[PDB]
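I have placed the structure first, in the form of structure tokens, so that the comments after it can refer back to it.
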Amino acid sequence: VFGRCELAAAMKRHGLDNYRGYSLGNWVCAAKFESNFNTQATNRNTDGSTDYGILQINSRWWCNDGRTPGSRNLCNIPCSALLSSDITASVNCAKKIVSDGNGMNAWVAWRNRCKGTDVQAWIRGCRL
Ligand SMILES: [Cl-]
Ligand SMILES: [Cl-]
Ligand SMILES: [Cl-]
Ligand SMILES: [Cl-]
Ligand code: NA
């Protein structure tokens, strides 16, 4: 479970600040509402897929969890890699997702809770 500023710093080190034009506060806001900053978060979807990790990346498209029929593994990783204390796999897969044409609208919590808001508040006070 990251602190806000700790996660901001880790995301910046791993290349998310202004990635595909999304400022760091967007990514921190998305992680807050997707996972509560918890790398171990998992949530099953209605359709049988599961969302994994700090950015709740979905097994329907992005990772293999062994139990999501007809799904793809576009990030080429086990979904468990998205639960690690090390956010590298989540960041690298999120870079692919955000590049795929719909930007951060892929993250429902971002669209509904971060988009259009003062996202820079999420990085206030942080040494990065
Ligand atoms: Cl802290
Ligand atoms: Cl920001
Ligand atoms: Cl939402
Ligand atoms: Cl500190
Ligand atoms: Na999959």
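Going by the structure tokens order, chains are called A, B, ..., each with residues numbered from 1, while ligands are numbered from 1 in the order shown.
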Practice task
Name the residues in contact with stretch 25-40 of chain A at a cut-off of 9 Å, using only C-alpha atoms, excluding same-chain residues fewer than 4 positions from it; report them as number ranges by chain.
Solution key: A: 1-5, 7-8, 11, 16-17, 52-56, 80, 82-87, 104, 107-111, 113-115, 118-124
Exercise for the section: Report the residues of chain A whose backbone DSSP state falls under strand (DSSP E or B), written as a ChimeraX atom specification. Expected result: /A:19,22,42-44,50-52,57-58,64,78
Show me, as a compact mmCIF listing (two decimals) with C-alpha atoms, in the first residue's frame, the residues that have an atom within 6 Å of stretch 47-49 of chain A when counting only C-alpha atoms, minus same-chain residues fewer than 4 positions from it.
# COMPACT_ATOMS: atom_id res chain seq x y z
CA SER A 59 -7.64 -9.79 -17.83
CA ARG A 60 -10.10 -9.58 -20.78
CA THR A 68 -10.79 -15.50 -18.55
Handout entry: atom CA of residue A:102 to atom CA of residue A:21, distance in Å rounded to a single decimal
Key = 12.6 Å
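Comparing the minimum interatomic distances between residue A:9 and each of A:24, A:112, A:100, A:41, counting only C-alpha atoms, we find that A:24 sits nearest.
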Practice task
Write out as a ChimeraX atom specification all residues of chain A that backbone DSSP assigns to alpha helix (DSSP H).
Solution key: /A:4-13,24-35,88-98,108-113
What would the file look like if the residues just selected were written as a compact mmCIF listing (two decimals), in the first residue's frame with N, CA, C and O atoms?
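Heads up, here's the output in result39.txt:
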# COMPACT_ATOMS: atom_id res chain seq x y z
N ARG A 4 0.39 8.46 -1.04
CA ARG A 4 0.11 9.28 -2.25
C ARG A 4 1.40 9.80 -2.89
O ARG A 4 1.65 9.65 -4.06
N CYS A 5 2.21 10.47 -2.08
CA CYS A 5 3.47 11.03 -2.60
C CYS A 5 4.49 9.97 -2.98
O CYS A 5 5.20 10.10 -3.96
N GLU A 6 4.50 8.87 -2.24
CA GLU A 6 5.37 7.74 -2.59
C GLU A 6 5.00 7.18 -3.97
O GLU A 6 5.89 6.90 -4.79
N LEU A 7 3.71 6.99 -4.21
CA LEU A 7 3.28 6.47 -5.51
C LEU A 7 3.55 7.48 -6.62
O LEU A 7 4.00 7.11 -7.68
N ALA A 8 3.32 8.77 -6.34
CA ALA A 8 3.61 9.82 -7.33
C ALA A 8 5.09 9.72 -7.76
O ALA A 8 5.43 9.75 -8.93
N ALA A 9 5.97 9.60 -6.75
CA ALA A 9 7.41 9.50 -7.00
C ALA A 9 7.72 8.24 -7.82
O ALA A 9 8.53 8.27 -8.78
N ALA A 10 7.13 7.11 -7.47
CA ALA A 10 7.41 5.85 -8.18
C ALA A 10 6.92 5.95 -9.61
O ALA A 10 7.56 5.50 -10.53
N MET A 11 5.72 6.51 -9.80
CA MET A 11 5.18 6.65 -11.17
C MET A 11 6.06 7.56 -12.00
O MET A 11 6.28 7.30 -13.19
N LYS A 12 6.56 8.65 -11.41
CA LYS A 12 7.45 9.56 -12.15
C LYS A 12 8.73 8.83 -12.52
O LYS A 12 9.20 8.97 -13.68
N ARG A 13 9.32 8.09 -11.59
CA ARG A 13 10.57 7.37 -11.90
C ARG A 13 10.37 6.40 -13.06
O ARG A 13 11.30 6.19 -13.83
N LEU A 24 1.10 13.80 -14.06
CA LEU A 24 1.25 12.82 -12.97
C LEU A 24 0.00 12.76 -12.10
O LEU A 24 -0.36 11.65 -11.67
N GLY A 25 -0.64 13.87 -11.80
CA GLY A 25 -1.83 13.85 -10.95
C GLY A 25 -2.93 12.98 -11.55
O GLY A 25 -3.72 12.41 -10.75
N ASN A 26 -3.04 12.92 -12.85
CA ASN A 26 -4.05 12.02 -13.45
C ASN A 26 -3.83 10.57 -13.04
O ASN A 26 -4.79 9.83 -12.75
N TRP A 27 -2.57 10.14 -13.09
CA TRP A 27 -2.22 8.75 -12.78
C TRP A 27 -2.40 8.45 -11.30
O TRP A 27 -2.86 7.36 -10.94
N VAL A 28 -2.03 9.41 -10.45
CA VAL A 28 -2.20 9.22 -9.01
C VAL A 28 -3.68 9.16 -8.66
O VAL A 28 -4.12 8.30 -7.88
N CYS A 29 -4.48 10.08 -9.20
CA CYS A 29 -5.93 10.07 -9.00
C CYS A 29 -6.53 8.74 -9.46
O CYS A 29 -7.37 8.14 -8.74
N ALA A 30 -6.13 8.28 -10.62
CA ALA A 30 -6.69 7.02 -11.13
C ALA A 30 -6.35 5.89 -10.17
O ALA A 30 -7.21 5.06 -9.85
N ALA A 31 -5.10 5.81 -9.72
CA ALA A 31 -4.72 4.73 -8.79
C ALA A 31 -5.48 4.83 -7.48
O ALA A 31 -5.85 3.79 -6.90
N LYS A 32 -5.70 6.04 -6.98
CA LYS A 32 -6.43 6.18 -5.72
C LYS A 32 -7.79 5.53 -5.84
O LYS A 32 -8.21 4.74 -4.95
N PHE A 33 -8.53 5.88 -6.89
CA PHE A 33 -9.90 5.43 -6.99
C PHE A 33 -10.00 4.03 -7.57
O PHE A 33 -11.00 3.37 -7.29
N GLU A 34 -9.02 3.54 -8.29
CA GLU A 34 -9.04 2.16 -8.78
C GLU A 34 -8.71 1.18 -7.65
O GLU A 34 -9.34 0.13 -7.57
N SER A 35 -7.68 1.47 -6.87
CA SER A 35 -7.09 0.46 -5.98
C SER A 35 -6.86 0.96 -4.57
O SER A 35 -6.35 0.16 -3.74
N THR A 88 6.59 -1.82 -11.88
CA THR A 88 7.06 -1.80 -13.27
C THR A 88 6.06 -2.46 -14.22
O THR A 88 5.74 -1.86 -15.26
N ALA A 89 5.62 -3.68 -13.93
CA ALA A 89 4.75 -4.36 -14.89
C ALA A 89 3.44 -3.58 -15.06
O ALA A 89 2.94 -3.45 -16.21
N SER A 90 2.87 -3.08 -13.98
CA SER A 90 1.64 -2.26 -14.09
C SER A 90 1.89 -1.01 -14.93
O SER A 90 1.03 -0.65 -15.74
N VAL A 91 2.99 -0.32 -14.70
CA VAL A 91 3.28 0.89 -15.47
C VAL A 91 3.46 0.57 -16.94
O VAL A 91 2.91 1.27 -17.80
N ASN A 92 4.26 -0.47 -17.26
CA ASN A 92 4.50 -0.77 -18.67
C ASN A 92 3.23 -1.16 -19.37
O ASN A 92 3.02 -0.79 -20.53
N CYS A 93 2.36 -1.90 -18.69
CA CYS A 93 1.10 -2.29 -19.32
C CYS A 93 0.18 -1.07 -19.44
O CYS A 93 -0.46 -0.87 -20.48
N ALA A 94 0.13 -0.23 -18.41
CA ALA A 94 -0.69 0.99 -18.50
C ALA A 94 -0.24 1.89 -19.66
O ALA A 94 -1.10 2.52 -20.31
N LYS A 95 1.05 1.93 -19.97
CA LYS A 95 1.52 2.72 -21.11
C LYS A 95 0.93 2.18 -22.39
O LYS A 95 0.56 2.95 -23.29
N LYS A 96 0.90 0.86 -22.51
CA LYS A 96 0.26 0.29 -23.70
C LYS A 96 -1.22 0.67 -23.75
O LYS A 96 -1.64 1.20 -24.77
N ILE A 97 -1.97 0.50 -22.65
CA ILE A 97 -3.41 0.77 -22.60
C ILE A 97 -3.69 2.22 -23.02
O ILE A 97 -4.56 2.48 -23.86
N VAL A 98 -3.00 3.16 -22.43
CA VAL A 98 -3.30 4.58 -22.65
C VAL A 98 -2.94 5.02 -24.06
O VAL A 98 -3.40 6.07 -24.49
N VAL A 108 -12.35 3.47 -15.87
CA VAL A 108 -13.67 4.01 -15.53
C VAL A 108 -13.54 4.94 -14.34
O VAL A 108 -14.22 6.06 -14.43
N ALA A 109 -12.77 4.66 -13.34
CA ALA A 109 -12.70 5.56 -12.20
C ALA A 109 -12.07 6.87 -12.63
O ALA A 109 -12.39 7.91 -12.09
N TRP A 110 -11.08 6.83 -13.55
CA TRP A 110 -10.51 8.10 -14.03
C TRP A 110 -11.56 8.94 -14.72
O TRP A 110 -11.70 10.13 -14.42
N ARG A 111 -12.30 8.33 -15.63
CA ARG A 111 -13.31 9.09 -16.38
C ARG A 111 -14.31 9.73 -15.41
O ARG A 111 -14.70 10.88 -15.56
N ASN A 112 -14.76 8.96 -14.44
CA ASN A 112 -15.88 9.40 -13.61
C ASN A 112 -15.42 10.25 -12.43
O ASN A 112 -16.28 10.97 -11.89
N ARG A 113 -14.17 10.17 -12.01
CA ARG A 113 -13.75 10.79 -10.74
C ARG A 113 -12.55 11.70 -10.85
O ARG A 113 -12.27 12.48 -9.93
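The interatomic distance for the pair atom CA of residue A:128 and atom 1 (Cl, counted along the ligand's line) of ligand 4 works out to 8.8 Å.
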Practice task
Could you give me, as a PyMOL selection string, every polymer residue with an atom at most 7 Å away from an atom of ligand 5, counting only C-alpha atoms and all ligand atoms?
Solution key: chain A and resi 59-65+68+71-73
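Proximity ranking of A:77, A:106, A:69, A:99 relative to residue A:19 places A:99 first, based on only C-alpha atoms.
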